[PDB]
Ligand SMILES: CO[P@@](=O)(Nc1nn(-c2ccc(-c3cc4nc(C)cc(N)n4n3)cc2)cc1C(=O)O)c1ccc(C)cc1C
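In the form solved without the ligand, a lone chain appears below as C-alpha cells.
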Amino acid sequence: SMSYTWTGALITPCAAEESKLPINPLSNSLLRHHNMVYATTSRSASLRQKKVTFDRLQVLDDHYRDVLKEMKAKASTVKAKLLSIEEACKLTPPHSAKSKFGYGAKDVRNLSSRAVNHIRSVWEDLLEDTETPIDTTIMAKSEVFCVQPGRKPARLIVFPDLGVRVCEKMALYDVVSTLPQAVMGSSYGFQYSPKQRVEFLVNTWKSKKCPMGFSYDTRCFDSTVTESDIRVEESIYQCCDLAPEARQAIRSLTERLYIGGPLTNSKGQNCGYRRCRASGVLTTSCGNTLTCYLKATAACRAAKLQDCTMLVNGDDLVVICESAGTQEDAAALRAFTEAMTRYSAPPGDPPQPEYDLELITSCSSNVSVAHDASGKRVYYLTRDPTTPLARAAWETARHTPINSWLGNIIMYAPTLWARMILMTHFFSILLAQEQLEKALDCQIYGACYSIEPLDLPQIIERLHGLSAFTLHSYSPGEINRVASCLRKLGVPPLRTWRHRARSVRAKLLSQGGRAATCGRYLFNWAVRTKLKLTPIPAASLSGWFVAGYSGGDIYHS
C-alpha cells in the first residue's frame, strides 16, 4: 500500500509567502551573506510529494512480537485522565489555525460560546461515529535554511480541524504526556533537559567496557509508518485505565483520523489520500517515539547487539553498546539496518559505527568538552550553528510567531555561539527598542512557551546551573566549526561579538534590577575583571521536560 495517493490538486498557500531574506539593517549586522538564507514555500511542495510518496513493505518477526508484549505490559501499569474542555482549551496556542466553522484560536482560549458548542458537538460525534474519515488540511511549511554547496523542498504539515485538535487533548494529553516514559523508562528522550541528556550519554558511554555508538536516520519516518504500526500504537494506549468516553474517543480518532484519511488543500479541493502518519496531531511525537523504540529494540535483538542502551526522540535514535571489533560492528550494523528495513523503517544515510562520543550526532547535536570556573572538564550539548543563525537573522528582519533564537539560547545556553552571538545580538536589539520587559513565544520539544527574556538568567540557572555562565576553554573542533560557519555565512567574527557584548553588558547594568542581572551573568565572559556569580534566589516551572508534543497543538503561559 502507498503512503499517499494524489488527485492532482496543488498544495496551495494562503498568505503571501517569502523565500528571500530581507536586507535589513539589524539582521545585516548579524549576517551578511543574505542570499544564502531562504525560506521554503508552496512552490517546492510537489517535489516533497514525490519524495514522501512510496509503497511500504513490512515483515514482522518474533522479536518484534516480543518487544511489543513487554511494552503493552508496562502500559497496563498506567492510569490516564480526561481533561475538561476548559483545560484542553487553555492548552491551545493563540496562533493556531482557525476552524473551518467560524471561530478561531482566540475564541477557543476565551471559551466563546460558538467554539465550545462546536467542540462539544465534535466530541459527541467522536463517541457516536466509528467510521467516517476525518478530513485533514495539507499545507507546505515555511522554514528557513542556509543553502547547500542545492535547496530543500518545503516539508508538509497535515492537520485536522481546530475543533478536533481540542478533542484530541481532552482524550489524550494525559496519555501522551505519561505513557512513553512508563514504557521506555530511561530511553524516553524528552524526559531530559540538555544537561540531563549529556549526563545520560556520558554515563552510558563510560559504563560500557568498550563502547561503540551510532545514530540511525530513517528515510521519511512519517510515510514509512504503516496502518499496522498505528494500530499497534493504539493497542498500547488501550492498556491504560481510561474513562469510557476517552477509550471510545481513542478508538474513533484512530479509525477516523490516525490510520489515514482524505486530504484537502488550502482552497478546499480534494487533494489526495493518506495512509501513514499525520504530522500535525497530538499523537505524532508519542506515536513515533513508540513505533521507533519498538522497531529498534527488535532489530537490536535480530542483530544480536550486546548491552544496548538507546535514547529515542520521535524518529531520532541513538544507540550505545559493546564493541566487538570494527568488522563485526560494521556487520552487526548492516544486520540491524536490514532488520529495520523489514519493519518499514529503512535508513536514509547508512548508519555509521562511531568510537568517540563527541563524533555522534543525534537530534542535530553532539556532546563537547569545555572547562568550568574551577577548571574541571565539563561536557555540554552543542550543534552546528548554521541553521540556528540563519533563523536568528530571519526572525530579526521579520516578525514571526515562534522565536527559534530563544529556544536555542535556552537549549544551547552553554555553547560558544549561543553566548557570544545569540545573546549579544538579541539583547542589543531588544535594548535598542525597549522591548526587554516584553514576552516572546518560542518552543521546547514541540510545546509552545511564552517567556520574558529578562528571566533568562533564572531559566538558564535552573536548566544548566551557574556553570553555563562560566564555561571556557572550548575545544578546537567546536571553535573551528563555529568559526568556519561564521565565514560561510558572513557573520562577523567572535572578536567583534566580544566588543559588542561589552557594550550591551555595560548598558544593561545601568538599567538596574532584572536587566542589570542579565548583564552580570550572561556577559561575565566579556570582561577580564570578572564578577563573582552566586545563585539567583528568584530562580526557585514544572512540566518543561516531560514529553515531546511536536505537531500537537500545545501551549504554556
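Only residues modelled in both forms are compared. In case it trips you up, residue 1 is the first one in the sequence shown, and so on. We call the rigid core whatever largest set of C-alpha positions still superposes within 1.5 Å between the two forms.
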Worksheet item: Among the other entries of this protein that model both neighbours of residue 12, is it absent from at least a third?
Response: no
Worksheet item: For residue 533, do at least a third of the other compared PDB entries give no atomic coordinates?
Response: no
Worksheet item: Residues with no coordinates between residue 540 and residue 541 in the deposited sequence, how many: none, 1 to 3, 4 to 9, or 10 or more?
Response: 1 to 3
Worksheet item: Looking at the entry, does 44-52 or 527-535 show the higher mean C-alpha B-factor?
Response: 527-535
Worksheet item: Mean C-alpha B-factor higher for 251-259, or for 351-359?
Response: 351-359
Worksheet item: Checking the entry, which one of 160, 268, 150, 211 has the top C-alpha B factor?
Response: 150
Item to complete: Using the entry's values, work out which of 264, 291, 178, 224 has the largest Cα B factor.
Response: 178
Discussion item. Taking only the Cα B-factors deposited for this chain, tell me whether residue 35 sits in the lowest, middle or highest third.
Written reply: middle
Fill in: residue 375 CA temperature factor, ranked by third within the chain
highest
Item to complete: Determine, from the deposited record, the chain-internal third of the Cα B-factor for residue 101: lowest, middle or highest.
Response: highest
Worksheet item: So where's residue 206 on the chain's Cα temperature factor ranking, which third?
Response: lowest
Discussion item. Looking at the temperature factor on the CA atom of residue 22, which third of the chain's modelled residues does it land in?
Written reply: middle
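Beyond what is shown, the protein has a form deposited with the ligand bound; the following relates to that form.
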Practice prompt. Please classify the binding site as open or blocked after superposing the ligand from its position in the bound PDB entry; blocked means at least 3 ligand atoms come within 2.4 Å of backbone or C-beta atoms of this form.
Written response: blocked
Worksheet item: in the bound PDB entry, which of 167-175, 260-268, 106-114, 481-489 comes within 4.5 Å of the ligand (heavy atoms)?
Response: 481-489
Item to complete: Scan 235, 473, 121, 77 and let me know which has any heavy atom within 4.5 Å of the ligand in the bound PDB entry.
Response: 473
Response to the item:
Exactly one of 508, 45, 494, 39 comes within 4.5 Å of the ligand in the bound PDB entry through a heavy atom, and that residue is 494
Worksheet item: residue 525: heavy atom within 4.5 Å of the ligand in the bound PDB entry?
Response: yes
Worksheet item: Wondering, does residue 416 line up within 4.5 Å of the ligand in the bound PDB entry on heavy atoms?
Response: yes
Practice prompt. Examine residue 242 and determine whether its closest non-hydrogen atom to the ligand in the bound PDB entry is within 4.5 angstroms.
Written response: no
Worksheet entry | Distance check, residue 250 to the ligand in the bound PDB entry, heavy atom within 4.5 Å | no
Item to complete: For a shift of 2 angstroms or more at every C-alpha, which runs of three or more consecutive residues qualify between the shown form and the other one, with the core superposed?
Response: 23-26
